[PDB]
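As a starting point, one isolated chain is supplied in structure tokens, in the form deposited in one PDB entry.
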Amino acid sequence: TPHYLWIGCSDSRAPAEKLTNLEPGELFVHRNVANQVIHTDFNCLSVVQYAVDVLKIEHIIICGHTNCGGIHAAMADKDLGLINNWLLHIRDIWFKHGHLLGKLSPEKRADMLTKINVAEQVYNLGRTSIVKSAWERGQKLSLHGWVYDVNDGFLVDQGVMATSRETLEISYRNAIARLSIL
């Protein structure tokens, strides 16, 4: 039985098993474009719900990365077809943090959005009825929000780690406060 659920991105070069360096099967893995946790996505809700309620997994890691093709896709103002609808959720995130990103040199702006995106997805995860219910009934469950940079493997527990609904709130706010120092 695995002890981690890894929500990652579909164009991320690095396998999870390299990055966590957990032995094989400690890991349960979902990968979507831009590593989203969308409120109403059955595919991923299901994964979380099974992980949490049935596998009794105790740690969930959302992992994003620099140079992420899906974050690029999202920012591009272009008619890509069905996927554009998937990437609206990232565009909302962008809009939400517009003053912040607006202040950045254009080039460093996608990297900011990868980091921001992770914090927001972690928050969504903590706000699912599965994770809410677990914390409410006293189950041990941690949420983690990592961005890794291809430029020498490096991984940072982006401000977000949460073990409760209270601490989910503190962590995300601090995370955004801290992305906002330039």
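We call the rigid core whatever largest set of C-alpha positions still superposes within 1.5 Å between the two forms. Shifts are known only where both forms have a C-alpha. Position 1 is the first residue in the sequence shown; the rest follow in order.
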* Stretch exceeding the other in mean C-alpha B-factor - 122-130, 150-158 -> 150-158
* Asked: Which has the higher mean CA temperature factor in the PDB entry, 102-110 or 78-86?
  -> 102-110
* To do: Please rank the C-alpha B-factors of the chain's modelled residues and tell me whether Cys63 sits in the lowest, middle or highest third.
  => middle
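Just so it is clear, the following notes concern the form deposited in another entry, a form of the same protein that is not shown.
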* Structure fact -> Looking at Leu55, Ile130, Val33, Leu155 between this form and the one not shown with the core superposed, the single C-alpha displaced by 2 Å or more is at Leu155
* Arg165: with the rigid core matched between this form and the one not shown, does its Cα shift 2 Å or more? -> no
* Cα separation of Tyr50 and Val156 in the other entry versus here, shift of 3 Å or more -> farther
* Structure fact -> Assert for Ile7-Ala14 (C-alpha, 3 Å or more) in the other entry vs reference form: pair closer
* Rigid-core superposition between this form and the one not shown, with residue runs of at least 3 whose C-alphas all shift by 2 Å or more -> 12-14, 152-159
